[PDB]
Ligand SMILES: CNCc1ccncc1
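One chain is shown next in C-alpha cells, namely the form deposited without the named molecule.
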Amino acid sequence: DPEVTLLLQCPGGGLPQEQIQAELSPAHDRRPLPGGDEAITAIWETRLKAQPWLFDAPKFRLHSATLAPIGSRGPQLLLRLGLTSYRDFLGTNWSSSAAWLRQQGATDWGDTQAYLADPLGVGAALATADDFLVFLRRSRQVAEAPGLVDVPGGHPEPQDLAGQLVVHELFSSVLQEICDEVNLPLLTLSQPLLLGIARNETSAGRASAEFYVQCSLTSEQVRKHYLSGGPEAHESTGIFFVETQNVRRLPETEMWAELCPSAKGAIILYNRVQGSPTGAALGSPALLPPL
C-alpha cells in the first residue's frame, strides 16, 4: 500500500479528547512558494472563471504530532497545527507540479511538506451494536477518488489555552460528519477515540486523523436512518457493512483495491489499535484464529 503511510499509532487502544494538547501557531503554516504565491492565485482565478459558484474556506494544517513516552501520566499527544485553505490546497497538493514542490521543500527546508497546504482531514471507523463497520460508496462524478469506497469523514473548518478549543472542534467535527452524511442521531454515538494519523501519498502527503466511534444502533437501523434522508441528504451513493470479524483480513480481499487511501488508513489503524489483542483471553487460538 504505497499510497498510505502511518504518521502516528496511538497507545492504550486510542486516546480520548482530555489526553491531547494542540499548539496552533503561524510557525506551523505553509512556507511561501519559491517564485511567490501568485502561482496559487492564478490556478484559483482559472477555476473560478469556469465554476464561479465555488468558495474558499479555512482549514487546519498538520505540521507534526509528538507522542509522550508510553505509560506516562499527563498529556499523551501534542498536535502542532497551522492554518491553510481550500484555495491553497488546489494550488499545491492538487497541482500537477505537487511532486516538484515536495523536492523543492526537501532542498530548501529539509521538509518535503514545507510548500504544501496539507489540510487536516478526519475519518471514522464507525462500529454498530451488532459488530459491523460502516462503509460509503463515492459518486463516479466527483473529482477526488471517483467511484471508490470511503468511511465517514470530512475536512474541518476553524471556528493549550486556544489549544483545548481546537482539540474540541476536531473531536466534534467527526461526530457532526457522521450525523450529516449517515443521518444518525448524535445521542446514538460514543465520544470518539483517536486511533492515529495516516498520510495520502496520492494527494502529495496530506494527512487525516482517524477515530473509533461506537453506535448504539444495529446495521439494519443505521441503513434505515441513512436511506430515510433520500438522495439529497447524502453526498455518497450507497451504504454497506462488513463484520468486524472480516475487517481483520480486508487487505487480502477484492474490496481493498476499491478503498480510497484515507479509508485504507482508518482500517489499518482500526486493525492495529482496536483489533490485535495483547492479553491471554482474547489472544487464545479459538478467539484469535491463526492466519
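Residue numbers here begin at 1 and follow the sequence given.
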{"property": "Interresidue gap class [residue 159, residue 160; deposited sequence, unmodelled]", "result": "10 or more"}
{"property": "Mean Cα B-factor comparison, 28-36 or 228-236, giving the higher one as deposited", "result": "228-236"}
{"property": "Segment of higher mean CA temperature factor, 141-149 or 195-203", "result": "141-149"}
{"property": "Residue with highest C-alpha B-factor in the PDB entry, from 269, 22, 15, 280", "result": "280"}
{"property": "Chain third (lowest, middle, highest) by recorded CA B-factor, residue given as residue 68", "result": "lowest"}
{"property": "B-factor third for the C-alpha atom of residue 220 within its chain", "result": "highest"}
{"property": "Modelled-residue ranking by C-alpha temperature factor, third containing residue 54", "result": "middle"}
{"property": "Chain-relative CA temperature factor third for residue 155", "result": "highest"}
{"property": "Ranked C-alpha temperature factor of residue 188 among modelled chain residues, by third", "result": "middle"}
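One more form of this protein exists, namely the form deposited with the named molecule bound; it is left out here, but the text below deals with it.
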{"query": "Heavy atom within 4.5 Å of the named molecule in the bound PDB entry - the one residue of 122, 167, 116, 193 that qualifies", "finding": "122"}
{"query": "Answer range among 213-221, 150-158, 185-193, 99-107 for contact with the named molecule, defined in the bound PDB entry as heavy atoms within 4.5 Å", "finding": "150-158"}
{"query": "Residue 208 within 4.5 Å of the named molecule in the bound PDB entry, heavy atoms", "finding": "yes"}
{"query": "Interface residues of 6-34 toward the named molecule, as seen in the bound PDB entry [heavy atoms, 4.5 Å]", "finding": "none"}
